[PDB]
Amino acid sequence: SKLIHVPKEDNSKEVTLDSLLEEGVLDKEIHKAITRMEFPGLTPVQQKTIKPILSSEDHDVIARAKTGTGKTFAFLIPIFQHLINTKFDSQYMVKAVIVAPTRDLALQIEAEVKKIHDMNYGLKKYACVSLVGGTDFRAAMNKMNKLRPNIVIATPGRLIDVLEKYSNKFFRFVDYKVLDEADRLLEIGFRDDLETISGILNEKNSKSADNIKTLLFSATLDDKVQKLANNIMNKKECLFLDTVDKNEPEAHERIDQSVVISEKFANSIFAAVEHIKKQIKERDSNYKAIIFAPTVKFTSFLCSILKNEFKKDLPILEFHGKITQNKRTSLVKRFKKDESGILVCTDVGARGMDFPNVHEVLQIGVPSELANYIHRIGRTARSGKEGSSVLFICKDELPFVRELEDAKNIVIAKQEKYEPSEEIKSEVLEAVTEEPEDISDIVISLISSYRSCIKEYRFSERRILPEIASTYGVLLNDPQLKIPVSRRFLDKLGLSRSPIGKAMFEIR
């Protein structure tokens, strides 16, 4: 194929809903829906993508725009227009398939489609069904059958599951497929799923294998992502529509970034607590924050510490892949509505989730991938609002911060050191009710986590892994102590002849 760049222009003539209506691009019914939301105007990415997506040209579209700047409606608006344009054809059939990397993000995109319905009841005829894991499969299919949706929103696993059994019934007339958070959906462990999805939709399509037009959206995207998307893009040319300069960092400039550097990984726990205590005092409990952690087990632990310190001041919500899907959904609903509170999560909540008026994003440790730094802090400072972020790390994670500068051109101006008082250590540790076995599970999860990103973030394995393991002794308040392990376990990790493993583990 061939890539057509369309970079960020200086004084490009503003595009509005009114202008698009008069031009023939938008029908009155979708113009009225969006107009009724009382937005000041269309965001830059919306201004840039709406007509090119709807255009009669035979192209795929790639779009980059910063966090919180309205990518969702950037694709929903033209999708609706396409359904109106073709209202008399295959009306009981799926014409647009939107795919997301998490269930909660798919369900949020569905809720945004519902907001379009709620603003113009005349658009309800273009029905929508979400197909995501952790929901009753049969009930969703009853919904497919009852509503005969034109729009499907899905996570990959559940979509493949459905496609293998019912692609002929609902999916032989798909015109558009959208990968939101496209870069994530083309990493290893999603790429093969997307290629299966793409191959099934293409083989089943009633006009041809190259009918489907593909749209990719992310805050983090380059030309290299078009290469990764090669087996799933049908068209002869690809528009790259960019609202961010070539060199400009992908992080949203309105975010006030800082990093707090400790000598030990565990000390980031105490720094975080002192930070939150201070923000609750200074803001008189009017504090809405999200705090990210590396693993499910440490997220749970972190939540217990924060409930013991702060449950009296603020609700504390625990959000990760092992929370049941019903509770994930209810807590997302609550946290979107609430004025204050602390959401404690893994990267399940790093991308896409739109929680209005979060004041701060806090990170304890590193994200699951470089890019997810940009997405994490992007949970704040959304839709014109302000926001700040704090990264709590230890000295041995500093090469992560240098990689942000080298790879993504992100330079964090505010940087300071931290050392915990014995008073804060005692306060936090004495209310830890986890058993030694539990602390071991927790720290072990962090070792596996850090080990998997050593190369990506240029860590010194010899320094970072022993530091992470020594968390165990910090938390049991004896820092001579090593994690008690068996020989057959240490052989499984491949460290039985390593000095690095000798410094982390005791063979009890």
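Numbers for residues come from their place in the sequence shown, where the first is 1. What we label the rigid core is the largest C-alpha set whose atoms superpose within 1.5 Å from one form to the other.
Rigid core fits of the other structures in 8 other deposited structures of this protein place the C-alpha atoms of one stretch farther away on average; of 37-45 and 53-61, that stretch is 53-61. Comparing the deposited coordinates for 98-106 and 122-130, the stretch with the larger average C-alpha B-factor is 122-130.
The stretch with the higher mean CA B factor, choosing between 238-246 and 304-312, is 238-246. When the C-alpha B-factors of 440, 56, 67, 448 are ranked from the entry, the top spot goes to 56.
Highest C-alpha temperature factor among 116, 93, 407, 197, as the PDB entry reports it: 407. Residue 415: CA B factor in the highest third of modelled residues in this chain (values from the PDB entry).
Placement of the Cα temperature factor of residue 284 within the chain: middle third of the modelled residues, per the deposited record. Among the modelled residues of its chain, residue 88 has a C-alpha B-factor that falls in the highest third according to the deposited record. For residue 225, the recorded CA B-factor ranks within the highest third of the chain. Only modelled residues enter the ranking.
For residue 74, the recorded CA B-factor ranks within the middle third of the chain. Only modelled residues enter the ranking.
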